[PDB]
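Engineer: First the structure, which I've put down as structure tokens, then a few questions once you've had a look.
In this analysis, Cβ positions are derived from the backbone assuming ideal geometry, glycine residues included, and neighbour counts consider all displayed protein chains. Here, each number is a calculation from the coordinates, and none is a lab measurement.
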Amino acid sequence: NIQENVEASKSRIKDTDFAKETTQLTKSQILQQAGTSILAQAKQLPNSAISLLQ
Amino acid sequence: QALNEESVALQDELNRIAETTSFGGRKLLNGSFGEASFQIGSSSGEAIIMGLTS
């Protein structure tokens, strides 16, 4: 019985709740994709406006 | 005498249980736990005192 309770507590402290972490992983994937999209739009147009200026 | 021997064995078992059950090093039923707090609120001033009499 004590081992059952201790295992439950250890899982609580350590084991990752797959729902929360898969949600976090999807959020991080979305954030990475958004950051890449912004960087593609930030590395080219702001630097390339000058050539139009000339 | 046989019943008394079994009873004394069970008494020593009760003593062992009282002196052994521990939540990862924290003795629970040996009377040393006393009244312990448990912060269960965002701010300061939220607690639930638990007592584990031996």
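Engineer: How many of the residues making up region B:39-54 are under 30 Å from B:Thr20 (Cβ atoms) and assigned to a loop (DSSP other than H, G, I, E, B)?
Structural biologist: Counting residues in region B:39-54 that are under 30 Å from B:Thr20 (Cβ atoms) and assigned to a loop (DSSP other than H, G, I, E, B) gives 7.
Engineer: Scan (1) β-branched (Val, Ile, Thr); (2) more than 14 Å from chain B (Cβ to nearest Cβ); (3) loosely packed, with under 10 Cβ neighbours inside 10 Å; (4) under 30 Å from B:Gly25 (Cα atoms) for the single condition A:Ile13 breaks and write down its number.
Structural biologist: Going through (1) β-branched (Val, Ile, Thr); (2) more than 14 Å from chain B (Cβ to nearest Cβ); (3) loosely packed, with under 10 Cβ neighbours inside 10 Å; (4) under 30 Å from B:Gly25 (Cα atoms) one by one, A:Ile13 breaks only (2).
Engineer: Could you pull out the residue among A:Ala34, A:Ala49 that is away from chain B (no Cβ under 14 Å) and over 28 Å from the mean Cα position of the chain (by Cα)? Working first, answer last.
Structural biologist: Values: A:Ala34 fails: over 28 Å from the mean Cα position of the chain (by Cα).
Just a single option satisfies the conditions, and that option is A:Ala49.
Engineer: Same structure, new question: Looking at this structure, is B:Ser32 out of contact with any helix residue (DSSP H, G or I) (no Cβ under 9 Å at 6 or more places or on another chain) and more than 14 Å from chain A (Cβ to nearest Cβ)?
Structural biologist: On the way: out of contact with any helix residue (DSSP H, G or I) (no Cβ under 9 Å at 6 or more places or on another chain): yes; more than 14 Å from chain A (Cβ to nearest Cβ): yes.
Yes, satisfied.
Engineer: Let me ask something else about it. Of the numbered conditions (1) of a type in the set (A, V, I, L, M, F, W, C); (2) more than 14 Å from chain A (Cβ to nearest Cβ); (3) in contact with an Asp or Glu (Cβ under 9 Å, 6 or more places away or on another chain); (4) under 22 Å from A:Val6 (Cβ atoms), B:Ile49 satisfies every one except a single condition; which is it?
Structural biologist: Failing condition for B:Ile49: (4).
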